[PDB]
There are 2 protein chains.
Amino acid sequence: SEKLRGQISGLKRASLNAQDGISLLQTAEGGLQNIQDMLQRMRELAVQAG
Amino acid sequence: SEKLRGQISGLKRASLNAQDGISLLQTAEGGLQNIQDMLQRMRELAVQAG
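Rules used throughout
Residues numbered from 1 in each chain as written, not as in the entry; some residues may be left out. Chains lettered and ligands numbered in written order. Part of a larger assembly, values for the part shown. Heavy atoms only, no water. Contact = heavy atoms within 4.5 Å. Buried area = accessible area lost by both parts, 1.4 Å probe. Polar contact = N/O pair within 3.5 Å; in protein donor to acceptor, adjacent residues only side chain to side chain. Helix = DSSP H or I, 4+ residues; strand = E, 2+ residues; numbered from the N terminus. Expected span 1.5 Å × (residues − 1). Buried < 20%, exposed > 50% of the residue type's maximum accessible area, 1.4 Å probe, protein only. Salt bridge = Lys/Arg side-chain N within 4 Å of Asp/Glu carboxyl O. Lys, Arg positive; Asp, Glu negative; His and termini not counted. Axes fitted to C-alpha atoms, helices over the stretch in contact; angles between N-to-C directions. Parallel < 35°, antiparallel > 145°, perpendicular 65-115°, else oblique. Left-handed = near helix turned anticlockwise from the far one by under 90°. Patch = residues over 30% accessible without salt bridge, like charges linked within 9 Å, V, L, I, M, F, W, Y side chains within 5 Å. Areas by Shrake-Rupley, 256 points an atom, 1.4 Å probe, with all protein chains shown as cover.

What the deposited record gives as its method is cryo-EM, and the resolution it gives is 4.1 Å.

Looking at the PDB entry, one finds chain A named Flagellin and attributed to Geovibrio thiophilus. Here the entry title, as the record gives it, is "Cryo-EM of Geovibrio thiophilus flagellum".

Here you go:
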């Protein structure tokens, strides 16, 4: 019984830590998408001049 | 008759002594249960950090 109860508590904790991890990657993805947006405008502006 | 009465008195004394002994073990068991209860919250808060 004690072994099972301890395992269950650990499983809750890891389960919460999963989403705790995922949020950071989502934020980084958003920032990189903004940078990607700017780069293509700079490229088109580059090909215009010439 | 003397031997039998002496033995009967001894039997009554032992009968009381048994329960007198059992109470102490019950108390110790309760205390150990409380300690075991605390240690599991310690384990859960341990897996929290990390």
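Peer 1: Mind showing me how you'd approach the interface of chain A and chain B here?
Peer 2: With six residues of chain A at the contact, the number on the chain B side is six residues. Interface area, chain A with chain B, both sides summed: about 610 Å², of which 40% is carbon and sulfur. If you look at where chain A meets chain B, you find two residue pairs in polar contact.

Peer 1: Just checking my understanding: could you explain helix α1 (residues 2–48) of chain B for this structure?
Peer 2: Along an α-helix, residues three or four apart share an orientation, since each turn contains 3.6 residues. Residue and element names in this part refer to chain B. Over its 47 residues, α1 extends 71 Å from the first C-alpha to the last, a length consistent with the 69 Å expected when each residue adds 1.5 Å. Among the 47 residues that make up α1, one are buried, leaving the element largely open to the surroundings. Following α1 by one or two positions, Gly-50 adopts a phi angle in the positive range, close to 135°.

Peer 1: Sorry, what's going on with the pattern of salt bridges here?
Peer 2: Two side chains that carry opposite charge are able to pair once their charged atoms sit near each other. Residues and elements named next belong to chain B. All told, the structure shown has one salt bridge over all chains when counted by the stated rule. With a shortest N-O distance of 3.8 Å, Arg-5 and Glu-2 are connected by a salt bridge. Of the two residues, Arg-5 and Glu-2 are both situated in helix α1; the distance of three residues between them amounts to about one turn of the helix. No difference in accessibility class separates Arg-5 from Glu-2, as the two residues are exposed.

Peer 1: Is there a simple way to think about the side chain of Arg13(A) in this case?
Peer 2: Structurally, the position occupied by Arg13(A) is in helix α1 (residues 2–48). Within the buried core, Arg13(A) has no salt-bridge partner, and the shortest N-O distance to an opposite charge, that of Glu44(B), equals 4.2 Å. Once residues lying within four places of it in the same chain are set aside, the contact partners of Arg13(A) are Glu44(B), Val47(B) and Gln48(B).

Peer 1: Can you walk me through the packing of α1(A) against α1(B) in this structure?
Peer 2: Two measures define how a pair of helices packs: the angle their axes make with one another and the distance between the axes. Taken N-terminus to C-terminus, the directions of α1(A) and α1(B) make an angle of 30°; their axes are 9 Å apart at the nearest point. Put simply, α1(A) runs roughly parallel to α1(B). For the pair α1(A) and α1(B), the sense of crossing is right-handed. Contacts between α1(A) and α1(B) involve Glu2(A), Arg5(A), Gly6(A), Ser9(A), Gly10(A) and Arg13(A) from the former and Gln36(B), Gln40(B), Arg43(B), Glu44(B), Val47(B) and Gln48(B) from the latter.

Peer 1: Please explain a nonpolar patch on the surface as it appears in this structure.
Peer 2: Residues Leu32(A), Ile35(A), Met38(A), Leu39(A) and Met42(A) make up a contiguous nonpolar surface patch of roughly 540 Å² in combined accessible area. Its place among the elements puts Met38(A) in helix α1.

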